[PDB]
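Report on one structure; see the data block that follows.
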Amino acid sequence: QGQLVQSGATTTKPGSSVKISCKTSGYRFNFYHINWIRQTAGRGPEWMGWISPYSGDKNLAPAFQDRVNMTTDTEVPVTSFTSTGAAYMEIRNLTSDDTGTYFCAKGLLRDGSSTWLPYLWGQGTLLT
Amino acid sequence: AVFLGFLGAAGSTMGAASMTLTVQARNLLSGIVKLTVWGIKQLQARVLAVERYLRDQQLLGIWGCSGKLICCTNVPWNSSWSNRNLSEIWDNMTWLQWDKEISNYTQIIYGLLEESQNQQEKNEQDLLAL
Amino acid sequence: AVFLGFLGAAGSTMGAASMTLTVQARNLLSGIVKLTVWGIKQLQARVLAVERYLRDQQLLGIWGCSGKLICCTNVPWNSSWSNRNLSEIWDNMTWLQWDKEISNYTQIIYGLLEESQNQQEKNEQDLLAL
Amino acid sequence: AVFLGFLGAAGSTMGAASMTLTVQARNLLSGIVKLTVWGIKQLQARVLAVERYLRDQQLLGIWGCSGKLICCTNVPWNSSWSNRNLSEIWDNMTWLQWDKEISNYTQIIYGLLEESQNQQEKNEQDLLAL
Amino acid sequence: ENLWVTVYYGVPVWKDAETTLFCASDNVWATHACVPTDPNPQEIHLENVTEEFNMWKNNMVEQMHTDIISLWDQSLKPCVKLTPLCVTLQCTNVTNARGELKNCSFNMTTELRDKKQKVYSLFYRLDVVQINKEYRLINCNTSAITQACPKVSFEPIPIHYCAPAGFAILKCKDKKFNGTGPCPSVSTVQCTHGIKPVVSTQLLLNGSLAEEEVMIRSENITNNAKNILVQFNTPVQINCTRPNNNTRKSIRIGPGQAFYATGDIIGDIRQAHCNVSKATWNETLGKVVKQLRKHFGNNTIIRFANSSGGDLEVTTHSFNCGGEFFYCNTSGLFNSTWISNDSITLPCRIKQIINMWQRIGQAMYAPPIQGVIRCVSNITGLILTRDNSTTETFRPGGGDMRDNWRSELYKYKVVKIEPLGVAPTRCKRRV
Amino acid sequence: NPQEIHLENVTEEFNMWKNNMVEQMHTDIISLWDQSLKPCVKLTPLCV
Amino acid sequence: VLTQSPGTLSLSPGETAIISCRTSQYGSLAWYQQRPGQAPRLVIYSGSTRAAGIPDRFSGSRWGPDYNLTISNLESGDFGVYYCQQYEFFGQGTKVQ
Ligand SMILES: *[C@@H]1O[C@H](CO)[C@@H](O[C@@H]2O[C@H](CO)[C@@H](O[C@@H]3O[C@H](CO[C@H]4O[C@H](CO)[C@@H](O)[C@H](O[C@H]5O[C@H](CO)[C@@H](O)[C@H](O)[C@@H]5O)[C@@H]4O)[C@@H](O)[C@H](O[C@H]4O[C@H](CO)[C@@H](O)[C@H](O)[C@@H]4O)[C@@H]3O)[C@H](O)[C@H]2NC(C)=O)[C@H](O)[C@H]1NC(C)=O
Ligand SMILES: *[C@@H]1O[C@H](CO)[C@@H](O[C@@H]2O[C@H](CO)[C@@H](O[C@@H]3O[C@H](CO[C@H]4O[C@H](CO)[C@@H](O)[C@H](O)[C@@H]4O)[C@@H](O)[C@H](O[C@H]4O[C@H](CO)[C@@H](O)[C@H](O)[C@@H]4O)[C@@H]3O)[C@H](O)[C@H]2NC(C)=O)[C@H](O)[C@H]1NC(C)=O
Ligand SMILES: *[C@@H]1O[C@H](CO)[C@@H](O[C@@H]2O[C@H](CO)[C@@H](O[C@@H]3O[C@H](CO[C@H]4O[C@H](CO)[C@@H](O)[C@H](O)[C@@H]4O)[C@@H](O)[C@H](O)[C@@H]3O)[C@H](O)[C@H]2NC(C)=O)[C@H](O)[C@H]1NC(C)=O
Ligand SMILES: *[C@@H]1O[C@H](CO)[C@@H](O[C@@H]2O[C@H](CO)[C@@H](O)[C@H](O)[C@H]2NC(C)=O)[C@H](O)[C@H]1NC(C)=O
Ligand SMILES: *[C@@H]1O[C@H](CO)[C@@H](O[C@@H]2O[C@H](CO)[C@@H](O)[C@H](O)[C@H]2NC(C)=O)[C@H](O)[C@H]1NC(C)=O
Ligand SMILES: *[C@@H]1O[C@H](CO)[C@@H](O[C@@H]2O[C@H](CO)[C@@H](O)[C@H](O)[C@H]2NC(C)=O)[C@H](O)[C@H]1NC(C)=O
Ligand SMILES: *[C@@H]1O[C@H](CO)[C@@H](O[C@@H]2O[C@H](CO)[C@@H](O)[C@H](O)[C@H]2NC(C)=O)[C@H](O)[C@H]1NC(C)=O
Ligand SMILES: *[C@@H]1O[C@H](CO)[C@@H](O[C@@H]2O[C@H](CO)[C@@H](O)[C@H](O)[C@H]2NC(C)=O)[C@H](O)[C@H]1NC(C)=O
Ligand SMILES: *[C@@H]1O[C@H](CO)[C@@H](O[C@@H]2O[C@H](CO)[C@@H](O)[C@H](O)[C@H]2NC(C)=O)[C@H](O)[C@H]1NC(C)=O
Ligand SMILES: *[C@@H]1O[C@H](CO)[C@@H](O)[C@H](O)[C@H]1NC(C)=O
Ligand SMILES: *[C@@H]1O[C@H](CO)[C@@H](O)[C@H](O)[C@H]1NC(C)=O
Ligand SMILES: *[C@@H]1O[C@H](CO)[C@@H](O)[C@H](O)[C@H]1NC(C)=O
Ligand SMILES: *[C@@H]1O[C@H](CO)[C@@H](O)[C@H](O)[C@H]1NC(C)=O
Ligand SMILES: *[C@@H]1O[C@H](CO)[C@@H](O)[C@H](O)[C@H]1NC(C)=O
Ligand SMILES: *[C@@H]1O[C@H](CO)[C@@H](O)[C@H](O)[C@H]1NC(C)=O
Ligand SMILES: *[C@@H]1O[C@H](CO)[C@@H](O)[C@H](O)[C@H]1NC(C)=O
Ligand SMILES: *[C@@H]1O[C@H](CO)[C@@H](O)[C@H](O)[C@H]1NC(C)=O
Ligand SMILES: *[C@@H]1O[C@H](CO)[C@@H](O)[C@H](O)[C@H]1NC(C)=O
């Protein structure tokens, strides 16, 4: 029930790396995973990987394990059930094939068989 | 299981905190161990302890839940109280978040549970009248 | 139904007053809301409230009626207690008129209910010994 | 039967003393009948009476034994607690002799009875989820 | 779908509440009467829990501040009333050369109601006032006076505050937690830690240090009329002493009424004072001016000065040392303008006729402590008070006493447990 | 009606010297003595 | 740190007197009215809360660092000098006549 604003649409050239942010609000940042999804011009959508703001644990697709740099800060608690966190995103070997819109995504539940499912999405960040 | 302790799951899901009820059921009354400052003030606190406890046992008794830690009843869940799904409750928000959303309707529910019990032992009263 | 209130059916029939028990079951313990006159006298009254209440719960517990508002037992109705018909009681005299006629035999009945419960869990003790 | 009285079978067998439980179940709370010596000291004793009593009712409630004088459970008898035969206990040693031999393991048993009840209403919670 | 309500008993949910907390112990504070503290202090961590605190709305400090005042009046009831001492005093200076403590004689009552006696005693000038040489005790035209029982202890004992059954105390293990806001790491305790009710002023003594870095509090730091509470992370050692070797004389003033007077001074006559390490106080005053820039600016000047006026109990460092109440001039501690072997000695006075707290109605006579007095304490806190552009001066203050216990009870909060929760699930009862 | 119930087959270890009823009563009489002399006249002027 | 404008406001009984007051810091700003000879009178405090005995014509609004005070209908008694206040500082005044 909160927003997940990201960075702007920074366009670079292949070989370099791009930093993408994801500032949360309106929900406990440490209670839900942060997924990262992109939709490039050449494929459809592809699941990159999520990370736990509580356990600090990572799990990402083998197609992005040796490229993605994925970190999170620590939430600045506003109330008992509200906080403000941040999720970061970086790639390694960049090409024009990775040109697409990128967004972060808050996990679905806190327990069960769909704990990390991307429920609350960001806004989108246009890459190269 | 993990012995989280007293109120250990206050920030955990309602499905995880519901499986550790006898932990907070013990320390709600603690126990046993004459005119001064703390002396009169201790006895005033010892009386208040059993009063708030007997109110929760009296309320549980008139609902047919006397002796239950998890108690199922007849009153159906009104959508006006909380039109939320079953999965977005027991595997999401905590018992602290739940009490704030139900703080309004919590008095209406307490009356629905009372007559739902009186119109159950009265039905069973006729069920054993033959 | 008509919410007559606390003791609303004190002058009504025993059949009508028996269907509104959870009304006087709540206000028997009321609730929650340091050295002066009323201060010591209030704490003396708060203790007496829970003592008379626990006596009625202790008596209900040793009868197998713990948690019941209407409780059926095994002790048969002795005609010496009240040789009145069932229709001339529940649709006639009130609970106040009833207590005066049973004031004598009310102590014998309280003992018959106790051993009728001990010779029931003892029978069930053998019933589950196999 | 013979009305031996309060604690009449304190030196008798555990099988004979187990059939007269409602005798010591009454006088554990006695009953009903302002600033002096005994006045403050009487109120201090009246509060302690209901506290020790509610602890034994709270412990009985979280075991599923709320309302029972003899209560059967699920926890199996560990031979490390007392590797004695059933006939050399109920028709031999008294309840006073029994408490000394079990004084050690009596705290472990009290925890086994609590989770044996929570993992019973939780199982029944799923048993009525359909 | 098929969702009915289901009652849950024993759920982790609480509410903000204020109840009558009871004390536990392991003297005036009657700590022998508290319940014996449990040797096993259970602390349960409340994982995933965030709670909103506020040390300024906190009620444990309002209740304790009355539980100490009600303890003071409770301990002086059976002690001797020094009402016949309110008599015309004939005083001289004690032979020396400043004439401070006097040498007063007076016609005093005896055990027999028809006999008088001409006894003498020493009184510090802070306890007497002239008529027009003739003197009188300071409290006579104000209130009665009760002499402290010389068998009760003025020593702060670790007092543990506990919540009754059904209630709970909420800790806060955040090591940079300022007074208000939401504590991210919260745990629950049955009892608070060992609270030492050290009655102090300006400089908080024997308190609990802070981990990591030194934080300062105050509810609204920009409101100059709010006492700023600074809490050190390292302890600055302060040594105090009354070097005079005093004597105590018992004067029978009735059937069992024995007033204890100051006989004479054996040996030298010197000056009561206190010491701090100037190096430790210089680096600690640096630690305080460090965090003060995070609220006022990285370029503004921070000035330290002494008190601006008021009563004796506030303008000076007032406390207890061996059983006598000092009043230490702290002008030598607050005299540094900050921008970007050692020993500082404070001149302290001594009073026997004090009212304490600030109540107008009763004053206490502290019987003199026999022998030489010296006590070693740590100063762990500080109660400052700022004074129209970009340069902030700071002066010590000690208006309200309950700021002392508040510097120790900021980590706690009282909540009541309501274990009744109603929640839906596909469950119904049979017929 | 002073109810006395016989504990048949019962043997108990006693000790009148460790007994606490005598330590409590001895204080319940001392606390009764001081409690009864509070409103009574103090003979302090008689010390003449 | 308080800039109060205007300094003078010439109006007639029936108009609306609106007086602003810019502040550098953020806090609980208030307003005062001083009729000739009498003592100042508290009108608005904490930004927009109206004082006791003050008619509902007096109203205050806030948007960022700017605090405004407006009188819905001027009478012969509402003519005086008005001051804004935050903490211990005050404005130079605005005499309406
Ligand atoms: C405090 O609040 C936080 C945030 O809500 C809670 O953290 C969340 O807990 C829930 C339930 O405990 C988690 O959901 C589960 O997720 C696991 C996925 O983990 C598996 O895969 C991980 C990545 O591959 C891996 O790290 C795990 O391996 C272990 O090692 C890590 C090392 O860091 C260790 O930290 C882990 O704990 C693991 O033990 C693991 O292999 C998923 O498997 C779960 O599904 C199972 O369980 C459910 C029932 O719970 C069942 O229905 C399924 O069928 C399946 O059997 C479950 O979905 C969630 O991931 C956590 N993190 C979030 C939400 O961000 C924390 O528990 C709270 N603690 C307290 C004390 O309140
Ligand atoms: C506060 O003020 C009080 C006064 O109210 C002081 O108390 C007095 O102190 C003086 C000393 O400063 C005392 O005077 C001394 O008394 C001694 C007792 O002897 C008396 O009794 C014998 C009988 O046995 C008589 O023969 C004798 O004359 C005395 O009457 C004397 O022995 C002392 O004599 C000393 O001085 C003389 C003259 O200088 C010398 O020749 C002697 O050798 C000797 O050195 C002296 O006279 C007086 O008694 C005290 N009064 C009381 C009531 O106790 C306090 O000391 C003072 N306190 C402070 C801190 O200032
Ligand atoms: C801050 O805390 C300090 C320590 O917690 C306090 O210091 C204490 O001050 C009191 C009184 O001022 C002292 O009590 C004195 O005890 C000595 C005798 O003690 C010596 O002998 C015993 C043997 O029985 C030995 O164990 C000691 O270590 C000493 O060697 C007497 O002169 C008196 O009876 C007097 O009561 C404490 O001893 C002293 N503690 C320490 C550790 O120094 C200080 O007072 C506190 N400050 C404030 C303002 O409260
Ligand atoms: C104690 O000593 C002080 C200091 O010498 C005396 O103070 C003097 O008091 C007189 C009053 O008659 C003044 O005229 C002097 O100016 C004071 N001197 C100083 C330096 O302030 C005091 O009077 C002495 N007290 C007694 C009882 O002798
Ligand atoms: C004054 O100084 C320090 C404050 O840290 C205390 O001495 C240390 O106390 C801690 C905690 O008990 C011990 O672990 C250290 O070993 C102590 N240090 C030394 C050198 O002994 C001391 O107790 C404080 N006194 C107070 C607060 O009264
Ligand atoms: C302070 O003065 C007292 C007496 O006024 C001194 O006590 C004496 O101590 C010695 C031991 O060295 C004993 O032999 C004496 O009998 C004591 N005298 C009395 C009257 O009890 C004490 O030593 C002095 N202390 C200091 C530090 O000066
Ligand atoms: C306060 O007093 C204490 C105790 O007298 C001083 O600690 C002593 O310091 C010296 C010099 O370093 C050491 O030799 C002693 O061993 C210390 N005493 C103890 C008991 O450890 C302390 O230095 C004094 N501080 C001030 C500021 O005066
Ligand atoms: C506390 O000490 C300071 C100095 O350390 C005293 O300051 C004196 O103040 C008076 C005026 O009140 C001046 O005439 C003196 O010159 C000052 N002395 C010094 C050394 O600067 C101050 O008076 C002391 N406090 C009290 C209550 O006496
Ligand atoms: C002093 O108190 C004021 C009033 O409560 C605080 O002002 C608020 O500050 C917060 C945080 O920036 C803002 O969100 C509010 O809009 C402010 N309200 C007002 C009326 O100004 C101020 O923050 C406090 N001082 C400090 C240093 O925090
Ligand atoms: C829900 O509650 C409202 C009152 O808040 C009541 O009018 C309505 O009949 C209820 N509906 C159900 C389905 O319980
Ligand atoms: C409960 O009532 C208050 C009345 O002010 C209302 O503001 C609040 O929204 C209600 N609770 C819910 C969950 O709607
Ligand atoms: C009725 O009670 C009397 C004692 O009052 C008893 O002797 C008799 O056996 C009882 N009869 C029945 C049928 O219960
Ligand atoms: C109860 O006993 C009294 C004894 O005096 C008797 O008068 C009364 O009639 C008895 N009650 C009934 C209902 O017979
Ligand atoms: C008996 O108790 C011991 C601990 O005292 C435990 O290790 C063992 O598993 C138990 N065995 C049975 C059969 O209950
Ligand atoms: C209980 O523990 C004590 C420990 O000293 C031991 O001596 C005793 O034998 C134990 N009880 C039994 C029945 O073994
Ligand atoms: C005691 O009383 C007498 C009465 O004559 C008087 O002369 C003397 O000065 C008094 N003592 C004191 C110390 O005032
Ligand atoms: C304490 O911290 C919170 C947020 O971290 C802040 O809002 C509050 O102003 C701080 N307290 C003070 C006195 O500045
Ligand atoms: C504070 O310092 C000034 C300047 O030295 C001095 O005049 C004044 O008396 C001092 N006040 C106190 C209470 O120390």
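For the structure tokens, the naming scheme is as follows: chains receive sequential letters (A, B, ...) according to their order of presentation, residues are indexed from 1 within each chain, and ligands are indexed from 1 in presentation order.
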
Subject >> Contacts of residue 93 (chain C) at 12 Å (only C-alpha atoms; same-chain gap of 5+ positions) as a list in words >> reply: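 Skipping anything fewer than 5 positions along the chain leaves residues 9, 10, 11, 12, 13, 14, 15, 16, 17, 84, 85, 86, 87, 88, 98, 99, 100 and 101 of chain C.
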
**OP:** Mind listing the helix (DSSP H, G or I) residues of region 8-107 of chain B, per DSSP on the backbone, as a PyMOL selection string?
**Re:** chain B and resi 14-17+22-26+37-61+87-90+95-102+106-107

**OP:** Could the residues of chain B within 7 Å of chain D, counting only C-alpha atoms, be given as a PyMOL selection string, please?
**Re:** chain B and resi 22+31+67+70

Would you mind exporting N, CA and C atoms of the selected residues as a PDB file, in the first residue's frame?
ATOM      1  N   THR B  22       0.086 -20.566  24.182  1.00  0.00           N
ATOM      2  CA  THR B  22       0.298 -20.950  25.572  1.00  0.00           C
ATOM      3  C   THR B  22       1.511 -20.272  26.194  1.00  0.00           C
ATOM      4  N   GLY B  31       2.128 -15.102  39.091  1.00  0.00           N
ATOM      5  CA  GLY B  31       1.894 -15.856  40.304  1.00  0.00           C
ATOM      6  C   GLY B  31       2.098 -15.162  41.634  1.00  0.00           C
ATOM      7  N   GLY B  67     -11.813 -22.382  28.012  1.00  0.00           N
ATOM      8  CA  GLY B  67     -10.825 -23.436  27.910  1.00  0.00           C
ATOM      9  C   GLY B  67     -10.131 -23.513  26.568  1.00  0.00           C
ATOM     10  N   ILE B  70      -7.702 -21.508  20.648  1.00  0.00           N
ATOM     11  CA  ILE B  70      -8.304 -21.190  19.358  1.00  0.00           C
ATOM     12  C   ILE B  70      -9.725 -21.731  19.388  1.00  0.00           C
TER      13      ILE B  70
END

**OP:** With only C-alpha atoms and all ligand atoms counted, collect every polymer residue having an atom within 12 Å of ligand 18; state the result as number ranges by chain.
**Re:** E: 304-317, 327-335, 346-348, 395-397

Within 10 Å of region 101-103 of chain E using only C-alpha atoms, minus same-chain residues under 3 positions, as a PDB file with N, CA, C and O atoms, in the first residue's frame:
ATOM      1  N   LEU E  89      19.186  32.417  68.875  1.00  0.00           N
ATOM      2  CA  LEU E  89      20.548  31.905  68.883  1.00  0.00           C
ATOM      3  C   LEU E  89      21.538  33.035  69.138  1.00  0.00           C
ATOM      4  O   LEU E  89      21.404  34.129  68.584  1.00  0.00           O
ATOM      5  N   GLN E  90      22.530  32.760  69.980  1.00  0.00           N
ATOM      6  CA  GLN E  90      23.641  33.674  70.239  1.00  0.00           C
ATOM      7  C   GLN E  90      24.868  33.085  69.550  1.00  0.00           C
ATOM      8  O   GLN E  90      25.467  32.128  70.047  1.00  0.00           O
ATOM      9  N   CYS E  91      25.236  33.656  68.407  1.00  0.00           N
ATOM     10  CA  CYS E  91      26.270  33.097  67.551  1.00  0.00           C
ATOM     11  C   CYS E  91      27.499  33.996  67.508  1.00  0.00           C
ATOM     12  O   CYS E  91      27.406  35.220  67.639  1.00  0.00           O
ATOM     13  N   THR E  92      28.657  33.363  67.327  1.00  0.00           N
ATOM     14  CA  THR E  92      29.911  34.036  67.025  1.00  0.00           C
ATOM     15  C   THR E  92      30.540  33.358  65.815  1.00  0.00           C
ATOM     16  O   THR E  92      30.053  32.336  65.325  1.00  0.00           O
ATOM     17  N   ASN E  93      31.633  33.936  65.327  1.00  0.00           N
ATOM     18  CA  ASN E  93      32.426  33.269  64.308  1.00  0.00           C
ATOM     19  C   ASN E  93      33.300  32.198  64.947  1.00  0.00           C
ATOM     20  O   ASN E  93      33.781  32.349  66.074  1.00  0.00           O
ATOM     21  N   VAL E  94      33.501  31.108  64.218  1.00  0.00           N
ATOM     22  CA  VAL E  94      34.467  30.099  64.630  1.00  0.00           C
ATOM     23  C   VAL E  94      35.862  30.629  64.331  1.00  0.00           C
ATOM     24  O   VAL E  94      36.137  31.084  63.214  1.00  0.00           O
ATOM     25  N   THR E  95      36.735  30.588  65.337  1.00  0.00           N
ATOM     26  CA  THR E  95      38.015  31.286  65.284  1.00  0.00           C
ATOM     27  C   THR E  95      38.822  30.890  64.054  1.00  0.00           C
ATOM     28  O   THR E  95      39.060  29.705  63.802  1.00  0.00           O
ATOM     29  N   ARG E  98      37.472  33.715  55.605  1.00  0.00           N
ATOM     30  CA  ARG E  98      36.068  34.101  55.686  1.00  0.00           C
ATOM     31  C   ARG E  98      35.366  33.402  56.849  1.00  0.00           C
ATOM     32  O   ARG E  98      35.522  32.196  57.049  1.00  0.00           O
ATOM     33  N   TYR E 120      25.603  24.617  73.160  1.00  0.00           N
ATOM     34  CA  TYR E 120      26.102  25.308  71.983  1.00  0.00           C
ATOM     35  C   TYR E 120      26.262  24.320  70.835  1.00  0.00           C
ATOM     36  O   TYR E 120      26.294  23.102  71.034  1.00  0.00           O
ATOM     37  N   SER E 121      26.365  24.864  69.624  1.00  0.00           N
ATOM     38  CA  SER E 121      26.517  24.043  68.431  1.00  0.00           C
ATOM     39  C   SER E 121      27.052  24.900  67.296  1.00  0.00           C
ATOM     40  O   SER E 121      27.017  26.133  67.350  1.00  0.00           O
ATOM     41  N   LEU E 122      27.540  24.224  66.261  1.00  0.00           N
ATOM     42  CA  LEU E 122      28.020  24.872  65.050  1.00  0.00           C
ATOM     43  C   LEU E 122      26.952  24.796  63.968  1.00  0.00           C
ATOM     44  O   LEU E 122      26.347  23.742  63.751  1.00  0.00           O
ATOM     45  N   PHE E 123      26.726  25.917  63.292  1.00  0.00           N
ATOM     46  CA  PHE E 123      25.784  25.987  62.183  1.00  0.00           C
ATOM     47  C   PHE E 123      26.427  26.744  61.034  1.00  0.00           C
ATOM     48  O   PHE E 123      26.942  27.849  61.229  1.00  0.00           O
ATOM     49  N   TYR E 124      26.404  26.148  59.844  1.00  0.00           N
ATOM     50  CA  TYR E 124      26.795  26.882  58.650  1.00  0.00           C
ATOM     51  C   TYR E 124      25.865  28.076  58.462  1.00  0.00           C
ATOM     52  O   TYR E 124      24.677  28.020  58.786  1.00  0.00           O
ATOM     53  N   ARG E 125      26.421  29.173  57.942  1.00  0.00           N
ATOM     54  CA  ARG E 125      25.653  30.412  57.850  1.00  0.00           C
ATOM     55  C   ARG E 125      24.432  30.272  56.951  1.00  0.00           C
ATOM     56  O   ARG E 125      23.488  31.061  57.075  1.00  0.00           O
ATOM     57  N   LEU E 126      24.418  29.278  56.063  1.00  0.00           N
ATOM     58  CA  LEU E 126      23.267  29.043  55.201  1.00  0.00           C
ATOM     59  C   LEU E 126      22.037  28.574  55.968  1.00  0.00           C
ATOM     60  O   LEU E 126      20.951  28.510  55.381  1.00  0.00           O
ATOM     61  N   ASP E 127      22.174  28.252  57.253  1.00  0.00           N
ATOM     62  CA  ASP E 127      21.074  27.741  58.058  1.00  0.00           C
ATOM     63  C   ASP E 127      20.517  28.771  59.032  1.00  0.00           C
ATOM     64  O   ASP E 127      19.550  28.470  59.739  1.00  0.00           O
ATOM     65  N   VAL E 128      21.097  29.971  59.094  1.00  0.00           N
ATOM     66  CA  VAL E 128      20.730  30.958  60.101  1.00  0.00           C
ATOM     67  C   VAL E 128      20.587  32.334  59.465  1.00  0.00           C
ATOM     68  O   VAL E 128      21.161  32.624  58.412  1.00  0.00           O
ATOM     69  N   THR E 262      26.585  19.765  66.020  1.00  0.00           N
ATOM     70  CA  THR E 262      27.989  19.764  65.624  1.00  0.00           C
ATOM     71  C   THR E 262      28.814  20.295  66.791  1.00  0.00           C
ATOM     72  O   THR E 262      28.789  21.496  67.081  1.00  0.00           O
ATOM     73  N   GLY E 263      29.535  19.400  67.463  1.00  0.00           N
ATOM     74  CA  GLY E 263      30.329  19.771  68.618  1.00  0.00           C
ATOM     75  C   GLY E 263      31.415  20.777  68.299  1.00  0.00           C
ATOM     76  O   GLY E 263      31.234  21.982  68.501  1.00  0.00           O
ATOM     77  N   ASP E 264      32.552  20.294  67.805  1.00  0.00           N
ATOM     78  CA  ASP E 264      33.633  21.168  67.376  1.00  0.00           C
ATOM     79  C   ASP E 264      34.353  20.507  66.209  1.00  0.00           C
ATOM     80  O   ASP E 264      34.066  19.366  65.840  1.00  0.00           O
ATOM     81  N   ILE E 350      27.969  23.961  52.148  1.00  0.00           N
ATOM     82  CA  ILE E 350      27.270  22.876  52.829  1.00  0.00           C
ATOM     83  C   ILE E 350      26.069  23.444  53.569  1.00  0.00           C
ATOM     84  O   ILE E 350      26.162  24.489  54.223  1.00  0.00           O
TER      85      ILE E 350
END

Original post:
When the cut-off is 10 Å and we count only C-alpha atoms, which residues of chain E are near chain G, given as a list in words?
Top reply: residues 222, 223, 224, 225, 388 and 389 of chain E

Subject >> Selection near residue 53 (chain G), 12 Å with only C-alpha atoms, sequence-local residues under 6 positions removed, as a ChimeraX atom specification >> reply: /G:41-44

Original post:
What residues have any atom no more than 7 Å from ligand 17 when counting only C-alpha atoms and all ligand atoms, and can you list them as a PyMOL selection string?
Top reply: chain E and resi 177-181+217-221

At a cut-off of 8 Å, list the chain E residues touching chain D, using only C-alpha atoms, as a compact mmCIF listing (two decimals) with C-alpha atoms, in the first residue's frame.
# COMPACT_ATOMS: atom_id res chain seq x y z
CA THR E 425 -11.23 -18.46 9.08
CA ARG E 426 -13.23 -21.17 7.33
CA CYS E 427 -14.28 -22.70 10.66
CA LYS E 428 -17.65 -23.35 12.31
CA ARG E 429 -18.87 -25.44 15.23

Could you list, as a short mmCIF file (atom, residue, chain, number, x, y, z; two decimals) with C-alpha atoms, in the first residue's frame, all the residues within 7 Å of ligand 1, counting only C-alpha atoms and all ligand atoms?
data_model
loop_
_atom_site.label_atom_id
_atom_site.label_comp_id
_atom_site.auth_asym_id
_atom_site.auth_seq_id
_atom_site.Cartn_x
_atom_site.Cartn_y
_atom_site.Cartn_z
CA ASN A 30 12.14 -5.20 5.70
CA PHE A 31 8.99 -7.37 5.50
CA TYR A 32 8.84 -7.98 1.73
CA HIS A 33 11.29 -9.06 -0.95
CA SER A 52 15.42 -10.00 1.09
CA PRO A 53 15.67 -6.67 2.99
CA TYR A 54 15.46 -8.71 6.24
CA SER A 55 17.55 -11.85 5.66
CA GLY A 56 19.89 -10.09 3.23
CA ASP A 57 19.54 -13.18 1.04
CA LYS A 58 19.78 -13.15 -2.75
CA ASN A 59 18.40 -15.43 -5.46
CA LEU A 109 3.23 -11.94 1.18
CA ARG A 110 5.32 -12.42 4.31
CA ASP A 111 4.84 -16.22 4.44
CA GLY A 112 3.43 -19.11 2.45
CA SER A 113 4.08 -20.36 -1.08
CA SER A 114 4.19 -16.91 -2.73
CA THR A 115 6.40 -14.85 -0.42
CA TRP A 116 8.48 -13.11 -3.10
CA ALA B 9 6.03 -12.93 17.41
CA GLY B 11 6.04 -8.43 14.62
CA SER B 12 5.46 -11.77 12.89
CA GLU E 47 11.84 -9.31 16.53
CA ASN E 48 10.26 -7.42 13.62
#

**OP:** Would you mind listing what lies within 7 Å of residue 8 (chain D) as an MDAnalysis selection string, with only C-alpha atoms counted and same-chain residues fewer than 2 positions away left out?
**Re:** (chainID D and resid 4:6 10) or (chainID F and resid 5:8)

Original post:
When DSSP works through the backbone of this structure, what residues of chain A end up as strand (DSSP E), shown as a ChimeraX atom specification?
Top reply: /A:4-6,19-20,22-24,34-40,45-51,58-60,69-72,87-90,100-106,120-121,125-126

Subject >> Near-ligand residues for ligand 5, threshold 9 Å, only C-alpha atoms and all ligand atoms, as a count of residues only >> reply: 15

Original post:
When the cut-off is 9 Å and you count only C-alpha atoms and all ligand atoms, which residues lie near ligand 15, shown as number ranges by chain?
Top reply: D: 81-82, 100-105

**OP:** Show me which residues sit within 6 Å of ligand 16 when counting only C-alpha atoms and all ligand atoms, and put them as a list in words.
**Re:**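 My answer, listing the contacting residues, is residues 90, 105, 106 and 107 of chain E.
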